[PDB]
Amino acid sequence: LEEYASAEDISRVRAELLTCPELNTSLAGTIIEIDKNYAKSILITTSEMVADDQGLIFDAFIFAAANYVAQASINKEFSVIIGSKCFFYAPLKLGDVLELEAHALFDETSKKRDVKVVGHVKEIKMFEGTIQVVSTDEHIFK
Amino acid sequence: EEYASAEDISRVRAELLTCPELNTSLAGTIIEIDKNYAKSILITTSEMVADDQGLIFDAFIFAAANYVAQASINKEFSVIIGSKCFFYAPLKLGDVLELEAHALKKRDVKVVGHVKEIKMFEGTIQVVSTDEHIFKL
């Protein structure tokens, strides 16, 4: 249900995204826009993320989406997250689509970056968090 | 599954109230519970990789921590409302994470994760429970 971004927008990011190339976008969402220090994503909730038989969505999936769009806002090939501070104002319901925006605090020196992430369902702010992303010039395991 | 026997109080599912429907293959499996306490294991799988080098997306560690935190309270209707996490090192495909959670309606839960002897994750998660499903307020 991408009535939230054009097919163009979406293939345009794919061609630009260096981070998490292999991530399962069905669980963490899809990146829908990116720019310097900035990224926008959407998470469509699915029955694979429920906590119960009432449609309640396990909160970690919201975090996963935030984790993904935070890294997309920096867009480095080799990065990880090292810390986070999140608020979950209300849980998602199966059928909801979450809209995330991420803004990286300006810093063209350090490899350690703070990213502010915010999540909405329609007009309601559901989630707010800061995520610390660090990057390296080579892959971490090497 | 050598971290806990098939029955070996792995028949914790008999006692488990929280997250009855959660995908255990993505959030791990609870292997021990008690008042204000829970222990779980996360076996990393190809389904959680961020790249083709075996790097594990960090949120799956959070998912595990999220689950075990809630299992430490073990209420039928609960949700998490806030967290503060540190990820000291990323996991690699093939590692198994061992998590332990200690609870200090709103509760703060200390979660710690190890791979072998090395502490990889630490975090505080706030769990809130209700007499009724949140969706009914």
# chains A, B, ... in the order shown; residues from 1 in each chain; ligands from 1
$ closest_atom_pairs --of "chain B" --to "chain A" --cutoff "8 Å" --atoms "only C-alpha atoms" --output "JSON lines"
{"residue": "B:19", "atom": "CA", "partner": "A:51", "partner_atom": "CA", "distance": 4.6}
{"residue": "B:20", "atom": "CA", "partner": "A:52", "partner_atom": "CA", "distance": 5.5}
{"residue": "B:21", "atom": "CA", "partner": "A:52", "partner_atom": "CA", "distance": 4.5}
{"residue": "B:22", "atom": "CA", "partner": "A:51", "partner_atom": "CA", "distance": 4.5}
{"residue": "B:23", "atom": "CA", "partner": "A:48", "partner_atom": "CA", "distance": 7.1}
{"residue": "B:47", "atom": "CA", "partner": "A:24", "partner_atom": "CA", "distance": 7.2}
{"residue": "B:48", "atom": "CA", "partner": "A:23", "partner_atom": "CA", "distance": 7.1}
{"residue": "B:49", "atom": "CA", "partner": "A:23", "partner_atom": "CA", "distance": 6.1}
{"residue": "B:50", "atom": "CA", "partner": "A:23", "partner_atom": "CA", "distance": 4.5}
{"residue": "B:51", "atom": "CA", "partner": "A:22", "partner_atom": "CA", "distance": 4.5}
{"residue": "B:52", "atom": "CA", "partner": "A:22", "partner_atom": "CA", "distance": 6.5}
{"residue": "B:57", "atom": "CA", "partner": "A:23", "partner_atom": "CA", "distance": 7.5}
{"residue": "B:58", "atom": "CA", "partner": "A:81", "partner_atom": "CA", "distance": 6.9}
{"residue": "B:59", "atom": "CA", "partner": "A:64", "partner_atom": "CA", "distance": 4.8}
{"residue": "B:60", "atom": "CA", "partner": "A:64", "partner_atom": "CA", "distance": 7.4}
{"residue": "B:62", "atom": "CA", "partner": "A:60", "partner_atom": "CA", "distance": 6.5}
{"residue": "B:63", "atom": "CA", "partner": "A:60", "partner_atom": "CA", "distance": 4.8}
{"residue": "B:66", "atom": "CA", "partner": "A:60", "partner_atom": "CA", "distance": 6.5}
{"residue": "B:79", "atom": "CA", "partner": "A:91", "partner_atom": "CA", "distance": 7.4}
{"residue": "B:80", "atom": "CA", "partner": "A:59", "partner_atom": "CA", "distance": 6.9}
{"residue": "B:81", "atom": "CA", "partner": "A:88", "partner_atom": "CA", "distance": 4.7}
{"residue": "B:82", "atom": "CA", "partner": "A:87", "partner_atom": "CA", "distance": 4.4}
{"residue": "B:83", "atom": "CA", "partner": "A:86", "partner_atom": "CA", "distance": 5.2}
{"residue": "B:84", "atom": "CA", "partner": "A:85", "partner_atom": "CA", "distance": 4.5}
{"residue": "B:85", "atom": "CA", "partner": "A:84", "partner_atom": "CA", "distance": 5.2}
{"residue": "B:86", "atom": "CA", "partner": "A:83", "partner_atom": "CA", "distance": 4.3}
{"residue": "B:87", "atom": "CA", "partner": "A:82", "partner_atom": "CA", "distance": 4.6}
{"residue": "B:88", "atom": "CA", "partner": "A:82", "partner_atom": "CA", "distance": 6.2}
{"residue": "B:89", "atom": "CA", "partner": "A:82", "partner_atom": "CA", "distance": 7.5}
{"residue": "B:90", "atom": "CA", "partner": "A:80", "partner_atom": "CA", "distance": 7.4}
$ select_by_dssp --residues "segment 8-110 of chain A" --states "strand (DSSP E or B)" --output "MDAnalysis selection string"
chainID A and resid 30:35 38:44 50 56:57 79:88 93 97:104
$ atom_distance --atom1 "atom CA of residue 115 of chain B" --atom2 "atom CA of residue 138 of chain A"
23.1 Å
$ select_by_dssp --residues "segment 64-124 of chain A" --states "alpha helix (DSSP H)" --output "ChimeraX atom specification"
/A:64-74
$ atom_distance --atom1 "atom CA of residue 110 of chain B" --atom2 "atom CA of residue 98 of chain B"
13.9 Å
$ residues_around --residues "residue 12 of chain A" --least-positions-apart "2" --cutoff "12 Å" --atoms "only C-alpha atoms" --output "ChimeraX atom specification"
/A:5-10,14-17,31-35
$ write_last_selection --atoms "N, CA, C and O atoms" --output "PDB file, in the first residue's frame"
ATOM      1  N   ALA A   5       4.249   7.101  -1.310  1.00  0.00           N
ATOM      2  CA  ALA A   5       5.396   7.537  -2.097  1.00  0.00           C
ATOM      3  C   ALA A   5       5.349   6.939  -3.481  1.00  0.00           C
ATOM      4  O   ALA A   5       4.958   5.781  -3.648  1.00  0.00           O
ATOM      5  N   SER A   6       5.779   7.724  -4.466  1.00  0.00           N
ATOM      6  CA  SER A   6       5.759   7.286  -5.849  1.00  0.00           C
ATOM      7  C   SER A   6       6.693   6.105  -6.049  1.00  0.00           C
ATOM      8  O   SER A   6       7.617   5.897  -5.267  1.00  0.00           O
ATOM      9  N   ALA A   7       6.447   5.316  -7.090  1.00  0.00           N
ATOM     10  CA  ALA A   7       7.395   4.267  -7.454  1.00  0.00           C
ATOM     11  C   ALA A   7       8.785   4.877  -7.708  1.00  0.00           C
ATOM     12  O   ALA A   7       9.812   4.316  -7.311  1.00  0.00           O
ATOM     13  N   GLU A   8       8.795   6.037  -8.359  1.00  0.00           N
ATOM     14  CA  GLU A   8      10.026   6.780  -8.601  1.00  0.00           C
ATOM     15  C   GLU A   8      10.787   7.043  -7.291  1.00  0.00           C
ATOM     16  O   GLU A   8      11.871   6.489  -7.067  1.00  0.00           O
ATOM     17  N   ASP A   9      10.207   7.873  -6.425  1.00  0.00           N
ATOM     18  CA  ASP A   9      10.821   8.178  -5.137  1.00  0.00           C
ATOM     19  C   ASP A   9      11.523   6.959  -4.607  1.00  0.00           C
ATOM     20  O   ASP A   9      12.664   7.052  -4.180  1.00  0.00           O
ATOM     21  N   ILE A  10      10.827   5.821  -4.639  1.00  0.00           N
ATOM     22  CA  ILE A  10      11.271   4.606  -3.937  1.00  0.00           C
ATOM     23  C   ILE A  10      12.464   3.936  -4.616  1.00  0.00           C
ATOM     24  O   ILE A  10      13.421   3.546  -3.938  1.00  0.00           O
ATOM     25  N   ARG A  14      16.470   3.559  -3.243  1.00  0.00           N
ATOM     26  CA  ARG A  14      17.156   2.262  -3.350  1.00  0.00           C
ATOM     27  C   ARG A  14      18.510   2.453  -4.011  1.00  0.00           C
ATOM     28  O   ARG A  14      19.526   1.935  -3.535  1.00  0.00           O
ATOM     29  N   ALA A  15      18.524   3.219  -5.095  1.00  0.00           N
ATOM     30  CA  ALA A  15      19.772   3.505  -5.815  1.00  0.00           C
ATOM     31  C   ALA A  15      20.772   4.330  -5.010  1.00  0.00           C
ATOM     32  O   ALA A  15      21.932   4.368  -5.357  1.00  0.00           O
ATOM     33  N   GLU A  16      20.325   4.983  -3.941  1.00  0.00           N
ATOM     34  CA  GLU A  16      21.208   5.825  -3.119  1.00  0.00           C
ATOM     35  C   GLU A  16      21.568   5.219  -1.762  1.00  0.00           C
ATOM     36  O   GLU A  16      22.543   5.626  -1.144  1.00  0.00           O
ATOM     37  N   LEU A  17      20.763   4.278  -1.281  1.00  0.00           N
ATOM     38  CA  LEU A  17      20.934   3.775   0.072  1.00  0.00           C
ATOM     39  C   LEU A  17      22.159   2.871   0.165  1.00  0.00           C
ATOM     40  O   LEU A  17      22.242   1.849  -0.512  1.00  0.00           O
ATOM     41  N   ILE A  31      12.408   3.022   3.086  1.00  0.00           N
ATOM     42  CA  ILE A  31      12.866   4.400   3.033  1.00  0.00           C
ATOM     43  C   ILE A  31      12.265   5.054   1.805  1.00  0.00           C
ATOM     44  O   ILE A  31      12.309   4.504   0.715  1.00  0.00           O
ATOM     45  N   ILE A  32      11.721   6.245   1.989  1.00  0.00           N
ATOM     46  CA  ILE A  32      10.757   6.832   1.067  1.00  0.00           C
ATOM     47  C   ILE A  32      11.310   8.183   0.578  1.00  0.00           C
ATOM     48  O   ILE A  32      10.859   8.745  -0.412  1.00  0.00           O
ATOM     49  N   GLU A  33      12.305   8.684   1.301  1.00  0.00           N
ATOM     50  CA  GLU A  33      12.987   9.914   0.947  1.00  0.00           C
ATOM     51  C   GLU A  33      14.273  10.043   1.755  1.00  0.00           C
ATOM     52  O   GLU A  33      14.334   9.657   2.936  1.00  0.00           O
ATOM     53  N   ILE A  34      15.318  10.543   1.102  1.00  0.00           N
ATOM     54  CA  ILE A  34      16.564  10.813   1.814  1.00  0.00           C
ATOM     55  C   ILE A  34      17.239  12.043   1.276  1.00  0.00           C
ATOM     56  O   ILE A  34      16.962  12.477   0.183  1.00  0.00           O
ATOM     57  N   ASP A  35      18.112  12.607   2.085  1.00  0.00           N
ATOM     58  CA  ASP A  35      18.813  13.835   1.769  1.00  0.00           C
ATOM     59  C   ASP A  35      19.924  13.925   2.805  1.00  0.00           C
ATOM     60  O   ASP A  35      20.014  13.096   3.732  1.00  0.00           O
TER      61      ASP A  35
END
